[PDB]
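S.K.: Take this structure first; my questions come after.
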2 protein chains.
Amino acid sequence: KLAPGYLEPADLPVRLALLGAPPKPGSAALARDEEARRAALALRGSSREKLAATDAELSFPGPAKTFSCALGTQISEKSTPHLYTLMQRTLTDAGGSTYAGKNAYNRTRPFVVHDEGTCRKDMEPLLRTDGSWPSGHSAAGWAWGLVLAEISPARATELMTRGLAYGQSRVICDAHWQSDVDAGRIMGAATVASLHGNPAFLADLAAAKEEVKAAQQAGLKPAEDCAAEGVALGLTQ
Amino acid sequence: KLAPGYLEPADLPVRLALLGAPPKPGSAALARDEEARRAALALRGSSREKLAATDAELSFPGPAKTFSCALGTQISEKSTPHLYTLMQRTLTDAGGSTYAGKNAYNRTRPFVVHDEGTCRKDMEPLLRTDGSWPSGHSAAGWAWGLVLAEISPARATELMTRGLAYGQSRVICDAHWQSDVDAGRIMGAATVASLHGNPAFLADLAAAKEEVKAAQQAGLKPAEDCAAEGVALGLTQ
């Protein structure tokens, strides 16, 4: 159910070297995670939580739909085949697929710690047994934001903001801690640096730039309710 | 003093859109900043503090020297002129000179809040009146780490680790808060994404890849004490 990643395992960024240990028990860092959790759970029942629910969808075309409004055009196999492929393959590179248990911290997720629910009840049987470190959604979101921003520089701010919000959706969903979302962005940026050393990624990147240019010049607007996503995001950037 | 940046002002990543507010008074987020400050000040008098003192040097060849050991060859005008230039110009893009006080938070630095000293007494007269948001050293450190990792993919982990440590040196030096160092990496990664859309940067990047490869193949060792830097950093293989 996973596309081949661009990167060989030996070329993946090394979590242990790049990341610090998770917040220790009794630490202010852990208190910051609980504070972020409490602030996030205040949004339970809101449109932002509902957007966090669709942000959790990693099965394509999930991510493609999620980033279309920020891109200004629809990401699809028909319109942007190379960009679509790039997002699928970089999900493997940046996401939870690389986060093995060996040489990794085991992270008990917030909703398990506090015996409460998430914004995606259907994904919980998987997440309960999952202690991935850091947040793979966060890493993929930031990686997607950084690559897409390079693909369409005229929408760089919208795309990078959307990629950051994608990681924040994991806190709002009560699926992972703030610190793991923050650490996810370190891995996401690092993975993008490695991808720029990969000729296969670079070829798809170059083709995606032409696809997006062609779609925007032809006036293809996103096939998503960008108004509703904007409201859910709050914007006021 | 400052080299021309690659990026036009309109192409700089927008701090206000990408970053959250600084830790509020009485918050666990602020408590985390104080906790990191206390852990950092325990290293006063140590080799790690001494390395943070040279990590503070933004006047070239300061940054070139700082990353040479992680690169595996000396960054110099003679041996890697385009890489040297690239670091100088990306210092302007990423390194805080763009952090205008207008439309930005004013940050009182830790050593000012606690009427104490930094690891660089000579730089305090400027830093005392400076409330830059986030950490420009951190942003440049992470940006340099990410670009250099693409330049020399075989040393990607060493270089990205060094770029994160470069930002952490600001906490160890008591020059800025942890949260501003963390936010610095968001801006650094964003700036790198913008840089990959800039043809002048891309031309220097391609030449730097050839310069570094030629230097490493000729066996040009770093002209820095890599043993001493390894001990000060606590490096683990």
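Identifiers in this document derive from the order of the structure tokens: chains are assigned A, B, ..., residues are numbered from 1 separately in each chain, and ligands are numbered from 1 in order of occurrence.
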Following superposition of chain A onto chain B on all C-alpha atoms, paired in order, what is the C-alpha RMSD to one decimal in Å?
M.R.: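 Between these identical-sequence chains, the C-alpha RMSD is 0.4 Å.
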S.K.: Counting only C-alpha atoms, what is within 7 Å of segment 174-190 of chain B, bar same-chain residues fewer than 4 positions away, as number ranges by chain?
M.R.: A: 146, 189; B: 13, 19, 33, 36-37, 94, 109-111, 118, 133-136, 138-140, 142-143, 167-168, 170, 194
S.K.: Do you know which residues are at most 12 Å from residue 102 of chain B counting only C-alpha atoms, after dropping those on the same chain fewer than 3 positions away, and could you put them as JSON, numbers by chain?
M.R.: {"B": [15, 16, 98, 99, 105, 106, 131, 132, 133]}
S.K.: Take the residues just selected and output them with N, CA and C atoms as a PDB file, in the first residue's frame.
M.R.:
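The file below, again-v6.pdb, is the result:
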```pdb
ATOM      1  N   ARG B  15       7.842  35.636   8.143  1.00  0.00           N
ATOM      2  CA  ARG B  15       7.905  35.189   9.536  1.00  0.00           C
ATOM      3  C   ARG B  15       6.522  35.092  10.156  1.00  0.00           C
ATOM      4  N   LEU B  16       5.707  36.134   9.970  1.00  0.00           N
ATOM      5  CA  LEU B  16       4.412  36.194  10.633  1.00  0.00           C
ATOM      6  C   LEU B  16       3.525  35.025  10.223  1.00  0.00           C
ATOM      7  N   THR B  98      17.351  40.221   7.661  1.00  0.00           N
ATOM      8  CA  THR B  98      16.021  40.445   7.118  1.00  0.00           C
ATOM      9  C   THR B  98      14.965  40.574   8.207  1.00  0.00           C
ATOM     10  N   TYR B  99      15.300  40.226   9.451  1.00  0.00           N
ATOM     11  CA  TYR B  99      14.345  40.255  10.558  1.00  0.00           C
ATOM     12  C   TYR B  99      14.185  41.695  11.036  1.00  0.00           C
ATOM     13  N   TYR B 105       7.773  40.340  16.525  1.00  0.00           N
ATOM     14  CA  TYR B 105       7.833  40.424  17.976  1.00  0.00           C
ATOM     15  C   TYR B 105       9.195  40.942  18.419  1.00  0.00           C
ATOM     16  N   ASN B 106       9.197  41.748  19.477  1.00  0.00           N
ATOM     17  CA  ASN B 106      10.425  42.168  20.140  1.00  0.00           C
ATOM     18  C   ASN B 106      10.764  41.147  21.219  1.00  0.00           C
ATOM     19  N   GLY B 131      16.457  42.728  19.576  1.00  0.00           N
ATOM     20  CA  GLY B 131      15.399  41.811  19.958  1.00  0.00           C
ATOM     21  C   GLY B 131      14.881  40.979  18.802  1.00  0.00           C
ATOM     22  N   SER B 132      15.801  40.477  17.978  1.00  0.00           N
ATOM     23  CA  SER B 132      15.441  39.834  16.720  1.00  0.00           C
ATOM     24  C   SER B 132      14.644  38.555  16.941  1.00  0.00           C
ATOM     25  N   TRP B 133      13.683  38.323  16.052  1.00  0.00           N
ATOM     26  CA  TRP B 133      12.774  37.187  16.148  1.00  0.00           C
ATOM     27  C   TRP B 133      12.697  36.498  14.795  1.00  0.00           C
TER      28      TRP B 133
END
```
S.K.: In segment 86-127 of chain A, what's alpha helix (DSSP H) per DSSP? Answer as a PyMOL selection string?
M.R.: chain A and resi 86-94+110-113+124-127
S.K.: Hey, can you spit out that residue selection with N, CA and C atoms as a short mmCIF file (atom, residue, chain, number, x, y, z; two decimals), in the first residue's frame?
M.R.:
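Written file, out23.cif:
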```cif
data_model
loop_
_atom_site.label_atom_id
_atom_site.label_comp_id
_atom_site.auth_asym_id
_atom_site.auth_seq_id
_atom_site.Cartn_x
_atom_site.Cartn_y
_atom_site.Cartn_z
N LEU A 86 5.40 12.20 -7.25
CA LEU A 86 6.36 12.73 -6.29
C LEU A 86 5.79 12.74 -4.87
N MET A 87 4.53 13.14 -4.71
CA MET A 87 3.94 13.17 -3.38
C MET A 87 3.82 11.76 -2.80
N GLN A 88 3.44 10.79 -3.63
CA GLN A 88 3.33 9.41 -3.16
C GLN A 88 4.68 8.87 -2.71
N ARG A 89 5.72 9.09 -3.51
CA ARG A 89 7.03 8.52 -3.19
C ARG A 89 7.67 9.26 -2.01
N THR A 90 7.50 10.58 -1.93
CA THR A 90 8.07 11.31 -0.80
C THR A 90 7.34 11.02 0.50
N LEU A 91 6.07 10.58 0.44
CA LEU A 91 5.41 10.10 1.65
C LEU A 91 6.18 8.94 2.27
N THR A 92 6.64 8.01 1.44
CA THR A 92 7.45 6.91 1.94
C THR A 92 8.76 7.41 2.53
N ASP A 93 9.43 8.34 1.84
CA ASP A 93 10.70 8.87 2.32
C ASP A 93 10.54 9.63 3.63
N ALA A 94 9.54 10.50 3.72
CA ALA A 94 9.42 11.43 4.84
C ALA A 94 8.54 10.91 5.96
N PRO A 110 -0.83 10.88 22.92
CA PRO A 110 -1.64 11.57 23.94
C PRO A 110 -2.97 10.90 24.23
N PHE A 111 -3.71 10.49 23.20
CA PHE A 111 -5.03 9.91 23.43
C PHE A 111 -4.94 8.56 24.16
N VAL A 112 -3.82 7.85 24.02
CA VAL A 112 -3.63 6.63 24.80
C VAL A 112 -3.29 6.97 26.25
N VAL A 113 -2.36 7.92 26.44
CA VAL A 113 -1.97 8.35 27.78
C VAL A 113 -3.18 8.77 28.59
N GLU A 124 -7.63 4.74 15.03
CA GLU A 124 -7.12 4.50 16.38
C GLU A 124 -6.62 3.07 16.61
N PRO A 125 -7.32 2.02 16.13
CA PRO A 125 -6.76 0.66 16.32
C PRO A 125 -5.33 0.54 15.81
N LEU A 126 -5.00 1.24 14.73
CA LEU A 126 -3.62 1.26 14.25
C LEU A 126 -2.74 2.11 15.15
N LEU A 127 -3.20 3.32 15.48
CA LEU A 127 -2.38 4.26 16.24
C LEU A 127 -2.08 3.78 17.66
#
```
S.K.: Set the cut-off to 10 Å and count only C-alpha atoms: what are the residues of chain A that reach chain B? Output as number ranges by chain.
M.R.: A: 10-19, 23, 27-36, 142-143, 145-154, 156-158, 160-165, 182-183, 185-186, 188-198, 235-237
S.K.: Give me the residues within 9 Å of residue 44 of chain B as a PyMOL selection string, counting only C-alpha atoms and dropping any in the same chain fewer than 4 places off.
M.R.: chain B and resi 40+48-50+119+172-173
S.K.: I need the residues from that last selection saved to file as a CSV table (one decimal), in the first residue's frame (with C-alpha atoms), if you can.
M.R.:
```
chain,number,residue,atom,x,y,z
B,40,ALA,CA,22.7,25.3,29.0
B,48,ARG,CA,31.0,23.1,24.4
B,49,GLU,CA,30.6,26.7,25.5
B,50,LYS,CA,33.9,27.6,23.9
B,119,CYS,CA,29.9,33.4,25.9
B,172,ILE,CA,24.5,27.6,25.2
B,173,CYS,CA,25.9,31.1,24.7
```
S.K.: How many Å separate atom CA of residue 218 of chain B from atom CA of residue 68 of chain B?
M.R.: 15.4 Å
S.K.: Could you please determine the separation between atom CA of residue 62 of chain A and atom CA of residue 83 of chain A in Å, to one decimal place?
M.R.: 13.8 Å
S.K.: Kindly give the distance, in Å, that separates atom CA of residue 57 of chain A and atom CA of residue 73 of chain A, rounded to a single decimal.
M.R.: 19.5 Å
